[PDB]
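See structure below.
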Amino acid sequence: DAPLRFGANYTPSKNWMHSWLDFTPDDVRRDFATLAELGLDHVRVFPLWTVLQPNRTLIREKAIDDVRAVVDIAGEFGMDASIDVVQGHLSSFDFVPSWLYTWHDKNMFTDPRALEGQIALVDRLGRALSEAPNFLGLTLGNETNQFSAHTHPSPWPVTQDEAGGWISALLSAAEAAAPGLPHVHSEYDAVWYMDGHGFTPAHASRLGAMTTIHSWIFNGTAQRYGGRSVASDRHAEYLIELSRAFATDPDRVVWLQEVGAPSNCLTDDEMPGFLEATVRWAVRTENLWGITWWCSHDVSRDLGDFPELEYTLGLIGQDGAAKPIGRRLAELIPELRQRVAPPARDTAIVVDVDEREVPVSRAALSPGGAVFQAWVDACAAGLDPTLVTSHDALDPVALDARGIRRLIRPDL
Amino acid sequence: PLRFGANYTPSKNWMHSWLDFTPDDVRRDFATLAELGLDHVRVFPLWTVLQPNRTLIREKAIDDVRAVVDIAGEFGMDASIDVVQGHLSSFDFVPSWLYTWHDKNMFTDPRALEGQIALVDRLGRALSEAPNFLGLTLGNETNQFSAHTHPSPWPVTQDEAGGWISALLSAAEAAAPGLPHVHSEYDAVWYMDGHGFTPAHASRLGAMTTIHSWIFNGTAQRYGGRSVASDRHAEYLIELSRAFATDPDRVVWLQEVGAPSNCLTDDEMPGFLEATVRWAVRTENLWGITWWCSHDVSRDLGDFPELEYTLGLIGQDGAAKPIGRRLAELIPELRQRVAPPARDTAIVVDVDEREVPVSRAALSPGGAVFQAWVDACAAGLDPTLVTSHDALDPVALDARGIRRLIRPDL
């Protein structure tokens with residue numbers, strides 16, 4: 001199997017995503033040179049929906065050309081590039097074109113006109129990027145399910161059918177525009193942790209070409225267990241194995257598409273050790289595609305209203321130099337690049353599911369929950385657990401397929 | 001000397017052209033307008049381009065606005081700029097830092113106010129150096145964000161609306177001294193009961209009263225596209241604004257007026273322009289008329305209300321349309337300022353102790369005061385309006401030569 005991939009979610013050092021408004025190739029080059037110096041082999045890139053498609057029937061060739069230029073500039077440094085189509089959500093900010101706003105408000109997931117416009121955007125963008133030999137594939141959009149969550153201040157709600165329907169429509173457009181590439185979709189961890197959410201673990205584990213994972217210890221994990229702890233260090237691995245439970249493809253590949261070291265969870269001195277612990281833990285999982293760190297560069301303090309933790313997630317500082325977490329990752333990449341046989345994991349923690357294969361209690365999976373604690377306790381007891389649904393837990397065919405020998409049924 | 005201009009709507013990709021600013025496209029549009037004899041344009045940068053983060057006011061975005069002003073000058077024209085769009089032609093452009101997780105009332109939130117003050121300051125300082133820069137309008141119909149009919153209103157009391165207006169105007173005055181800076185409401189300010197922006201705000205704050213006159217507000221529907229009520233609607237709002245002015249030399253700017261296709265057939269569009277222009281210039285201390293709009297909106301841009309597409313003086317083919325030809329014929333006849341007619345008969349607007357109309361609905365199309373205006377015009381009068389306070393003041397009436405009061409019922 002292929003070597004493990006290591007990359008960074010690209011957050012432009014100069015003016016962040018707003019730099020798309022005055023696209024400057026040499027700024028991208030300077031940013032990418034620092035990333036290439038760490039040994040990174042790919043970047044994840046975020047165009048803005050407000051720039052790509054400011055009117056439903058105006059998909060701007062000039063904006064798509066700028067995205068292709070970023071892909072080409074990554075190639076100059078021998079890096080590949082994946083592109084998220086619909087932003088959509090980034091770092092607490094929502095970029096929504098005016099044709100889905102106020103007088104034009106429409107549910108981006110279920111409105112036929114919004115769906116037709118996103119299909120057309122995926123087609124135009126995918127077709128332009130498919131020419132590039134270093135273009136990896138499309139992600140539908142960053143954490144786009146956050147628009148549907150009941151915690152969102154103005155949600156666009158979806159049923160489970162509706163969420164899968166949006167995912168499949170856009171994936172079908174991506175396959176038509178850029179065939180043969182591994183197009184995916186991306187939820188934040190409400191997909192695993194939020195009861196009643198329309199996007200389901202099955203969606204994440206079964207739809208798209210690989211399972212994507214966003215692992216963020218500011219989700220209550222560090223607050224309950226400590227920044228440097230079993231629970232925090234192995235959180236990404238927890239979501240990976242939890243996703244495995246809901247996969248129907250035995251060869252399903254997992255992409256740790258976002259993981260970072262936030263300053264409200266870790267002191268500055270703890271951050272290199274956390275990166276190393278997280279990276280080493282996730283590499284010891286089966287069929288991992290690679291790890292994409294959040295993020296490439298610190299956010300400029302010239303920009304206001306970001307949550308405080310967003311500013312210092314970079315591998316590279318605003319002074320242009322690699323930060324301690326960047327240097328640590330650069331040391332680990334050659335050590336961990338070549339793939340090795342993964343651990344056995346014969347002990348599974350069962351996740352009770354309902355008829356629709358949705359967990360009975362996603363809260364139990366969330367930090368502090370009965371299933372989450374069972375994972376923490378098993379890890380702290382030196383085991384390497386995995387997880388199974390209560391359906392599979394009674395199927396000795398499915399159990400023997402994964403070599404599962406001991407079950408752990410958490411209390412409630 | 002009366003001024004005639006157009007609200008600039010770029011032919012190529014409309015306001016979205018700011019995302020790939022192209023001077024030579026502005027030049028082609030503006031040559032078309034100068035050929036009509038127009039002497040000024042009104043220009044709309046986008047809030048999302050100018051200020052995508054609260055503390056990133058983009059020098060390049062502002063340089064492009066200055067470039068549009070300079071290109072106007074290449075064709076002998078002046079330019080006025082609206083600072084905060086904000087609202088344009090059914091679409092709202094709001095930066096992500098006032099949206100969802102960052103939603104804040106743009107009129108009352110201290111950081112949003114500070115961000116707008118700063119934006120007004122930076123645009124004013126950059127434009128003040130151009131000899132053909134007329135001044136700033138705070139924003140196009142920005143009061144619509146506070147209306148109870150808005151899908152997601154940012155409500156304001158009367159005091160809060162006045163405070164937002166005055167705060168941004170003070171910023172404009174400091175950044176571009178000696179120029180007239182104004183604010184702009186759509187006609188809820190005149191017609192909508194309970195609305196936070198008041199007639200007093202429009203007629204007293206800022207250097208000139210601005211008027212947005214749109215006969216699709218119920219006027220043409222009730223009375224007909226070509227009618228007494230529709231032809232003289234801009235004139236009605238002008239004289240209604242006069243009733244609420246406390247400055248006897250208050251000047252009025254018909255900043256927006258157009259001929260919408262849902263109210264007027266194509267054949268009656270030139271006649272409507274002529275009737276409205278001729279009506280409005282017969283008012284006292286009119287600064288000028290700025291037509292909506294310069295250019296038809298491209299049909300490759302979707303989801304506009306249908307009437308928006310054909311409001312231009314110039315077609316998408318780059319040629320003058322019949323309404324554009326008619327305006328060009330009228331301009332040389334009406335540039336020379338003439339003394340306006342006497343208006344010795346005034347219709348009374350009952351006002352409360354805060355000088356807000358008791359019933360702004362009565363002022364709206366079909367309302368009792370609106371009807372009284374239409375009737376008095378049909379009677380061969382040139383009416384004006386007066387508050388019930390001034391109607392009981394002989395000195396206020398004499399200062400305006402008002403001899404007879406008309407009091408409508410209910």
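A note on names: the letters A, B, ... follow the listed sequences, proteins ahead of strands, and every chain is numbered from 1. Scope of the values below: all heavy atoms of this structure, side chains included, with no hydrogens, waters or symmetry mates.
Both the backbone and the side chain of B:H150 come within less than 4.5 Å of a heavy atom of chain A. Looking at A:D302, only its backbone comes within 4.5 Å of chain B, counting heavy atoms on both sides. For A:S300, no part lies under 4.5 angstrom from a heavy atom of chain B.
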I'd like a table of donor-acceptor pairs (distance under 3.5 Å, sequence neighbours excluded) in which one partner is a side-chain atom from residues 190-198 of chain A, with atom names and distances.
residue: A:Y193; atom: OH; partner: A:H235; partner atom: NE2; Å: 3.1
residue: A:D195; atom: OD1; partner: A:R362; partner atom: N; Å: 2.6
residue: A:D195; atom: OD2; partner: A:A363; partner atom: N; Å: 3.2
residue: A:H197; atom: NE2; partner: A:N145; partner atom: ND2; Å: 2.9

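With values rounded to the nearest 0.5 angstrom, B:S152 atom OG is found 10.5 Å from A:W103 atom CH2. Rounded to the nearest 0.5 angstrom, B:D20 CG and A:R60 CZ are separated by 6.0 Å.
The two residues A:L21 and B:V49 come nearest to each other via the heavy atoms CD1-O, 4.2 Å.
Between A:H104 and B:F304, the closest side-chain pair of non-hydrogen atoms is not below 4.5 Å. Two residues are said to be in side-chain contact when any heavy atoms from C-beta on lie closer than 4.5 Å; B:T48 and A:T50 fail this criterion. Using a 4.5 Å cut-off on side-chain heavy atoms (C-beta onward), A:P153 and B:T100 make contact.
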Residues B:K104, A:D305; criterion side-chain contact (heavy atoms from CB on, under 4.5 Å); working and verdict:
CA-CA 12 Å; B:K104 307 136 193 186; A:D305 299 315; 3.8 Å; yes

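Checking B:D92 against A:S98 by side-chain atom types alone, no donor-acceptor pair falls below 3.5 Å.
Around atom CD of A:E131, more than 12 heavy atoms belonging to other residues, nucleotides or ligands sit under 6.0 Å away. Residue A:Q223 qualifies as open at atom CD: its count of foreign heavy atoms under 6.0 Å is 12 or below.
In terms of modelled atom types and a separation under 3.5 Å, the side chain of A:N55 and the main chain of B:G302 share a donor-acceptor contact.
Annotation: B:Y99 is not in aromatic contact with A:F93 [ring centroid separation under 6.0 Å not met].
Residues satisfying the salt bridge (charged side-chain N to carboxylate O under 4.0 Å, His left out) test with B:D317, not counting sequence neighbours, are none.
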